[PDB]
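Structure, as structure tokens:
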Ligand SMILES: CC/C(C)=C\CC/C(C)=C\CC/C(C)=C\CC/C(C)=C\CC/C(C)=C/CC[C@H](C)CCOP(=O)(O)O[C@@H]1O[C@H](CO)[C@@H](O)[C@H](O)[C@@H]1O
Ligand SMILES: CC/C(C)=C\CC/C(C)=C\CC/C(C)=C\CC/C(C)=C\CC/C(C)=C/CC[C@H](C)CCOP(=O)(O)O[C@@H]1O[C@H](CO)[C@@H](O)[C@H](O)[C@@H]1O
Ligand SMILES: CC/C(C)=C\CC/C(C)=C\CC/C(C)=C\CC/C(C)=C\CC/C(C)=C\CC/C(C)=C\CC/C(C)=C/CC[C@H](C)CCOP(=O)(O)O
Ligand SMILES: CC/C(C)=C\CC/C(C)=C\CC/C(C)=C\CC/C(C)=C\CC/C(C)=C\CC/C(C)=C\CC/C(C)=C/CC[C@H](C)CCOP(=O)(O)O
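Chains as they are written, first to last, in the authors' numbering: chain B, 49 to 332, 541 to 694, 729 to 783; chain A, 49 to 332, 541 to 694, 729 to 783.
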């Protein structure tokens with residue numbers, strides 16, 4: 049083919065259209081309460097009736113679900129109670145609830161394409177990364193239900209894109225665009241941490257990327273001039289204000305909204321001290545008013561303590577070492593009359609290729625450093641910097657979203673690897689531009739064939755496991771056997 | 049005072065004498081089976097009657113206990129069964145069993161002094177490190193029982209000393225002394241890993257110290273000449289042979305001894321496949545012979561699998577974050593008639609000072625690097641290199657023996673921090689030579739007063755908690771209250 053801005057735009061539009069198609073196709077088929085739709089639907093409904101409740105997660109995801117429900121006009125009283133009850137016979141708009149994660153997943157694919165486009169890679173690399181995210185069964189299966197992991201993944205991708213936009217403005221510090229993208233990176237990180245607490249890992253990524261930059265900004269002998277200590281102080285203050293203080297303010301604002309919406313007694317009042325019982329205006541009596549900081553501190557301590565002790569066992573808990581190569585998958589919902597399972601797992605071909613390319617990138621960096629120690633360059637200036645500045649950045653994200661799961665010893669599931677795997681899909685694309693590289731990009735035919743073959747193979751693998759992702763077509767017993775690759779408990783054999 | 053080789057020798061002799069005094073004083077007082085003397089005494093006895101058994105730990109520690117028992121001549125049939133039965137009314141030499149860990153603890157204090165002496169520090173620094181190890185209640189309490197953690201700590205200290213000896217010979221590579229100390233470092237690491245599997249962490253330390261060295265040996269532009277690739281290949285081959293292959297050979301040799309000693313049926317035969325039942329010569541019948549590698553592989557796989565699933569709950573399991581500052585301690589043995597407890601905990605003053613000095617060293621390194629980035633040296637060549645080569649090495653050991661406990665999520669106890677705390681006692685001494693430094731060592735009076743004050747305070751703290759370490763003097767209820775500093779469950783209040 050060829051390469052031009054028009055081709056970039058055409059590819060981006062097609063990728064976004066196919067993302068919206070795949071995430072929304074058959075979104076209402078399970079039409080029943082599924083693996084963890086129970087809790088989050090309960091909390092979204094409690095938001096709608098303004099009755100107070102208690103949860104261990106930060107509120108923003110359930111606020112988004114409640115906003116989607118409120119937009120339709122549903123208030124109702126169908127607070128979910130058990131896995132396996134029909135939504136349609138209860139006059140509840142579950143499709144409206146499920147449309148938000150689908151929109152966020154489609155926007156996640158678009159943001160992946162935007163990250164690869166903004167970093168400066170060629171069209172085949174952006175297409176490959178966006179297609180690996182597009183044709184992934186785990187991302188599709190997570191953006192299908194009432195689950196707040198899609199919001200987490202979208203916020204992490206948005207933070208990566210915002211920081212890439214901001215870093216390219218390093219030549220015009222303290223300008224309007226500079227401050228705008230700094231604040232936007234902070235806001236994306238704030239949303240990421242206000243969805244789930246594991247979003248803190250994104251703060252590590254953008255943290256590390258900042259620190260290195262600050263180190264580069266602290267060198268007294270650097271090619272781009274030198275900064276006096278007050279100027280570096282201004283830079284550090286700007287980073288701290290835009291990346292630490294604004295995220296905390298947005299987090300606090302989301303709890304302020306949570307407290308303002310909930311002004312009625314409900315299930316979860318007893319977790320608070322009697323003054324908080326007094327301030328809920330127990331209805332369906542006198543009510544007091546407390547300062548916001550006191551209520552926030554009490555709720556935060558209680559939430560941390562309950563997350564420290566209130567753990568419910570699940571048979572499909574996984575360990576971090578099983579994630580990058582898909583050694584085991586989780587099952588969400590199944591009924592025996594139609595022989596339909598919704599067993600949640602990634603795309604085995606895509607995940608294996610992405611992890612293998614992670615290993616190849618590690619080996620390439622090691623070989624380049626070893627050759628440099630001998631005094632051999634072997635890399636152009638442009639191809640070195642990118643491989644350490646852009647691709648390395650992506651490899652940073654993966655690491656910062658994968659390794660911290662070994663330190664945590666509570667229950668973890670495969671979907672916890674969805675953010676990190678996202679970054680894995682980026683380096684892959686970069687490494688296809690790298691090894692098959694002859729603005730110099732004449733005869734991208736090599737990378738074009740590489741990405742075409744890899745994406746066709748991943749597409750075949752996604753087509754193979756598509757029923758298990760959707761659960762619409764009832765599959766025969768021998769067809770269930772064909773999906774038993776690495777010991778997947780499909781329980782229909 | 050003054051400084052000279054005679055003063056070094058006098059201090060070393062006094063430190064060793066006091067170590068042997070403190071570790072052996074009242075060694076037979078508990079005169080009863082205690083917290084984990086059960087299992088290890090059982091296995092040492094089974095070694096003595098040559099009856100086969102199964103354990104999850106590598107055999108070397110129980111081989112040492114069985115050798116100590118065999119030296120006296122005891123064979124008997126007193127395989128331990130429950131916590132809290134009298135040794136003396138059963139004609140068993142428990143004092144002989146307990147003398148080995150006491151000897152190893154005294155030698156550990158001596159080896160700490162030797163490490164500080166060989167590295168080049170002044171007398172007050174060596175005295176401070178050796179005294180912090182000497183006046184530590186946790187090290188004393190671990191080298192008191194039939195427990196194989198003292199062997200682990202002694203082997204780690206010996207590996208550190210052996211590698212310091214070897215590295216000083218870097219100017220005469222491939223000589224007899226060079227190879228001798230390389231093999232000795234490998235053998236010390238082999239003993240460390242053949243006692244308990246956590247000894248692998250020492251392989252990290254000496255691993256890292258080697259890697260940096262190899263990096264320095266790989267630089268094509270380095271002050272001390274340049275090595276062609278074959279010469280660096282010879283260096284890497286020597287490191288791999290002395291640090292990887294010899295340790296594995298010694299580990300295999302210890303299993304060979306274990307298999308040769310055990311040629312009778314016993315408790316633990318059923319964990320093996322029927323061929324291994326056939327090779328045990330079931331007595332108290542035909543017996544076959546298997547190749548050693550097959551038996552070793554079967555036993556190793558079974559041991560790993562049982563350690564992966566066979567966990568027994570304990571009420572005093574701790575987490576790594578509680579260790580450096582002694583937030584909680586474990587109780588081993590107690591009887592209510594004499595009001596005697598043997599609650600195991602470190603020396604709070606010594607541990608707090610050691611951890612605080614770890615933090616101070618981190619801050620000092622950070623400040624030095626930050627000042628260097630501005631282009632300010634602020635450190636002499638001699639004082640820089642030491643702080644990064646010797647003291648840093650010690651800080652490496654601590655890290656490599658502490659952080660890997662967060663990755664592991666099984667049950668961990670406070671004694672697991674005994675190796676790492678050892679390295680913490682080294683940096684402390686170094687930092688007392690560092691900050692109070694005016729061969730230039732005129733007027734060490736500052737460091738002399740510093741170490742005198744710190745060691746007097748630690749000695750008072752050790753005297754305060756000495757009954758809880760020994761359990762000989764029955765303490766009153768109000769005296770139990772005085773030891774309730776950071777919430778220690780003494781259960782005699
Ligand atoms: C086990 C260890 C292993 C295997 C791997 C370790 C991980 C590794 C390798 C690295 C860790 C991560 C690293 C190093 C950095 C992450 C954070 C950083 C530094 C940045 C954040 C990412 C981020 C937005 C990077 C921005 C990159 C954008 C696309 C650059 C825009 O083009 P741009 O003009 O600057 O290119 C060049 O600009 C030069 C100007 O000077 C010029 O000279 C050249 O001609 C050329 O124009
Ligand atoms: C969060 C991060 C923080 C806070 C800390 C990070 C950890 C840090 C700071 C460091 C990590 C560990 C490091 C850097 C190294 C560990 C392993 C290494 C390199 C060695 C193993 C330890 C080890 C046996 C070191 C041996 C040191 C012996 C005592 C040196 C003997 O005296 P010697 O003549 O060589 O001194 C000088 O020899 C020069 C010759 O050139 C000469 O010029 C000088 O005049 C002067 O005679
Ligand atoms: C001086 C700075 C330097 C050197 C350089 C500049 C660095 C820079 C400019 C930016 C990044 C700075 C860095 C490295 C960190 C900053 C983030 C931080 C510590 C705070 C800011 C984040 C916030 C706005 C709110 C944090 C919420 C609070 C209050 C607590 C959370 C507790 C968490 C998150 C517990 C994680 C486990 C979780 C329980 C598992 C369950 O999991 P789940 O809920 O999913 O089931
Ligand atoms: C190429 C090399 C480079 C780059 C540079 C040169 C590096 C160099 C020269 C030296 C060091 C090399 C390094 C970094 C590692 C080498 C060690 C290694 C992996 C093997 C050698 C060690 C052996 C002789 C035997 C190992 C026993 C075996 C077979 C398995 C054990 C399993 C372990 C240990 C499981 C740890 C958890 C434990 C279960 C907790 C329970 O705990 P507990 O039992 O206490 O209750």
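Backbone N, C-alpha and C define an ideal beta-carbon position, used for all residues, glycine too.
Assuming the contact rule is C-beta atoms closer than 8 Å, residue 205(B) and residue 246(B) should be a hit. Round their C-beta distance to whole Å, please. Reading the first chain from its first residue, position 157 is the one you call residue 205(B). Reading the first chain from its first residue, position 198 is the one you call residue 246(B). At roughly 15 Å, the Cβ-Cβ gap does not stay under 8 Å, so residue 205(B) and residue 246(B) are not in contact.
Buried or exposed by the 16-neighbour rule on C-beta atoms within 10 Å, applied to residue 596(A): Within the second chain, the letter at position 340 stands for residue 596(A). Classification of residue 596(A): buried, given that the 10 Å Cβ count is 16 or more.
Tell me, to the nearest whole angstrom, how far the beta carbon of residue 332(B) is from that of residue 557(B); I am working on the premise that it is less than 8 Å. Here residue 332(B) refers to the residue found at position 284 when the first chain is read from its first residue. Here residue 557(B) refers to the residue found at position 301 when the first chain is read from its first residue. Wrong, their Cβ atoms sit about 28 Å apart, outside the cutoff.
Give the DSSP bridge partners of residue 591(A), in chain order. Along the second chain, read from residue 1 onward, the residue named residue 591(A) stands at position 335. Paired residues: 596(A).
Straight-line CA distance for residue 190(B) to residue 780(B)? Taking the first residue of the first chain as 1, we reach residue 190(B) at position 142. Taking the first residue of the first chain as 1, we reach residue 780(B) at position 490. Approximately 18 Å, taken between the alpha carbons.
Considering only the beta carbon of each residue, do residue 229(A) and residue 210(A) sit closer than 9 Å? Mapped onto the second chain, residue 229(A) falls at position 181. Mapped onto the second chain, residue 210(A) falls at position 162. The answer is yes: Cβ separation under 9 Å.
Label residue 138(A) either buried or exposed according to how many other C-beta atoms from any shown protein chain fall within 10 Å of its C-beta, with 16 as the threshold for buried. Against the second chain, residue 138(A) aligns to sequence position 90. Flag for residue 138(A) reads exposed.
Give me the residue from 73(B), 248(B) and 330(B) with the minimum Cα distance to residue 147(B). To locate residue 147(B), count along the first chain from 1; it is residue 99. Nearest option by C-alpha distance: 73(B).
Measuring alpha carbon to alpha carbon, tell me which residue in 100(B), 599(B) and 92(B) is nearest residue 328(B). By one-based count along the first chain, residue 328(B) stands at place 280. That would be 100(B), whose Cα lies nearest to the Cα of residue 328(B).
DSSP three-state assignment for residue 312(A), whether helix, strand or coil: Your numbering for residue 312(A) matches position 264 in the second chain. Correct three-state label for residue 312(A): strand.
Starting from the beta carbon of residue 289(B), find every residue of chain A whose beta carbon is closer than 9 Å, and list them in chain order. Reading the first chain from its first residue, position 241 is the one you call residue 289(B). Correct list: empty, because the minimum Cβ distance to chain A is about 21 Å.
Counting only the same chain and skipping the five closest in sequence on each side, list residues whose C-beta sits under 6 Å from that of residue 149(A). The residue labelled residue 149(A) in the question sits at position 101 within the second chain. Counting only Cβ-Cβ distances below 6 Å, and skipping sequence neighbours, we find 191 and 198.
Using 9 Å as the limit for Cβ to Cβ distance, is residue 249(B) near chain A? The count along the first chain starts at 1 and reaches residue 249(B) at position 201. Cβ-Cβ to chain A under 9 Å: no for residue 249(B).
Cβ-based neighbour list, residue 656(A), same chain, cut-off 7 Å, excluding 5 preceding and 5 following: For the purposes of this step, residue 656(A) is taken as residue 400 along the second chain, with counting starting at 1. 249, 252, 253 and 256.
Less than 9 Å between the C-beta atoms of residue 67(B) and residue 677(B), yes or no? Walking along the first chain from the start, residue 67(B) turns up at place 19. Walking along the first chain from the start, residue 677(B) turns up at place 421. No, the Cβ-Cβ distance between residue 67(B) and residue 677(B) is not below 9 Å.
Using a Cβ-Cβ cut-off of 9 Å, state whether residue 267(B) counts as contacting chain A. Counting from 1 along the first chain, the entry for residue 267(B) is found at position 219. It does; some Cβ of chain A falls within 9 Å.
Residue 78(B) versus 51(B), 136(B), 550(B) and 601(B), residue with shortest Cα-Cα distance: As a working mapping, residue 78(B) is identified with position 30 in the first chain. Comparing Cα positions, the closest option is 136(B).
What residues match up with residue 574(B) in a beta bridge as DSSP calls it? The residue given as residue 574(B) occupies position 318 in the first chain. Beta-bridge pairing links residue 574(B) to 668(B).
Would residue 310(A) pass as a contact of residue 94(A) if the rule is Cβ separation under 9 Å? One-based indexing of the second chain puts residue 310(A) at position 262. One-based indexing of the second chain puts residue 94(A) at position 46. Taking 9 Å as the Cβ cut-off, residue 310(A) and residue 94(A) qualify as a contacting pair.
Look at residue 106(B) and residue 244(B) and say whether their C-beta atoms are less than 9 Å apart. Position 58 of the first chain, counting from 1, holds the residue named residue 106(B). Position 196 of the first chain, counting from 1, holds the residue named residue 244(B). Going by C-beta atoms, residue 106(B) is nearer than 9 Å to residue 244(B).
Please state whether the Cβ-Cβ distance between residue 85(A) and residue 180(A) is less than 9 Å. Within the second chain, numbered from 1, the residue matching residue 85(A) stands at position 37. Within the second chain, numbered from 1, the residue matching residue 180(A) stands at position 132. No, these two residues do not count as a Cβ contact at 9 Å.
Same chain, Cβ closer than 7 Å to residue 314(A), five either side skipped, listed in chain order: Your numbering for residue 314(A) matches position 266 in the second chain. The answer, listed in chain order, is 94, 99, 100 and 101.
Let's see if you can read the secondary structure: which residues bound the alpha helix (DSSP H) around residue 220(A)? Walking along the second chain from the start, residue 220(A) turns up at place 172. Taken as a continuous stretch (DSSP letters only), residue 220(A) belongs to no alpha helix (DSSP H), as it is neither H nor E.
What do you get for residue 63(A), buried or exposed, if any count of 16 or more other CB atoms within 10 angstroms of its CB means buried? Here residue 63(A) refers to the residue found at position 15 when the second chain is read from its first residue. Answer is buried; the Cβ neighbour count reaches 16.
May I ask you to report which of helix, strand or coil DSSP gives residue 681(A)? Working through the second chain from its first residue, we reach residue 681(A) at position 425. Three-state result, residue 681(A): helix.
Please confirm if residue 654(A) has its CB atom under 9 Å from at least one CB of chain B. By one-based count along the second chain, residue 654(A) stands at place 398. No, because no Cβ of chain B sits closer than 9 Å to the Cβ of residue 654(A).
Just to make sure I have the definition right: I need the residues of chain B whose C-beta is within less than 7 Å of the C-beta of residue 631(A). Which are they? What you label residue 631(A) is simply residue 375 of the second chain in a count that begins at 1. Going along chain B in sequence order, the residues near residue 631(A) (Cβ under 7 Å) are 268 and 269.
May I have the straight-line CA-CA distance separating residue 118(B) from residue 658(A), to the nearest angstrom? For this step, residue 118(B) is matched to residue 70 along the first chain. For this step, residue 658(A) is matched to residue 402 along the second chain. So the alpha carbons of these two residues sit roughly 51 Å apart.
Distance, residue 684(A) Cα to residue 298(B) Cα: The count along the first chain starts at 1 and reaches residue 298(B) at position 250. The count along the second chain starts at 1 and reaches residue 684(A) at position 428. The straight-line gap from Cα to Cα measures roughly 43 Å.
Whole-angstrom Cβ separation of residue 618(B) and residue 670(B), contact assumed at under 8 Å? Locating residue 618(B) in the first chain gives position 362, where the first residue counts as 1. Locating residue 670(B) in the first chain gives position 414, where the first residue counts as 1. Actually they are not in contact, since the Cβ atoms of residue 618(B) and residue 670(B) sit about 23 Å apart, beyond 8 Å.
Where residue 258(B) meets chain A, residues with beta-carbon distance less than 9 Å: As a working mapping, residue 258(B) is identified with position 210 in the first chain. Those within 9 Å of residue 258(B) in chain A number zero; the least Cβ separation is about 16 Å.
For chain A, find out if any of its Cβ atoms is closer than 9 Å to the Cβ of residue 663(B); answer yes or no. Taking the first residue of the first chain as 1, we reach residue 663(B) at position 407. Cβ-Cβ to chain A under 9 Å: yes for residue 663(B).
Please list the terminal residues of the continuous alpha helix (DSSP H) segment that includes residue 627(B). Position 371 of the first chain holds residue 627(B). Note, residue 627(B): alpha helix (DSSP H), 604-629.
Below 8 Å on the Cβ atoms is my guess for residue 242(A) versus residue 302(A); work out the distance and round it to an integer in Å. Taking the second chain and counting its residues from 1, one reaches residue 242(A) at position 194. Taking the second chain and counting its residues from 1, one reaches residue 302(A) at position 254. Their Cβ separation, rounded to whole angstroms, is 5 Å, which keeps residue 242(A) and residue 302(A) in contact under 8 Å.
Own chain, CB closer than 8 Å to residue 96(A), minus 5 neighbours either side, in chain order: The residue given as residue 96(A) occupies position 48 in the second chain. So the qualifying residues of the chain are 114, 117, 118, 122, 123 and 124.
If you measure from the CB of residue 211(B), is any heavy atom of ligand 3 nearer than 8 Å? Walking along the first chain from the start, residue 211(B) turns up at place 163. No.
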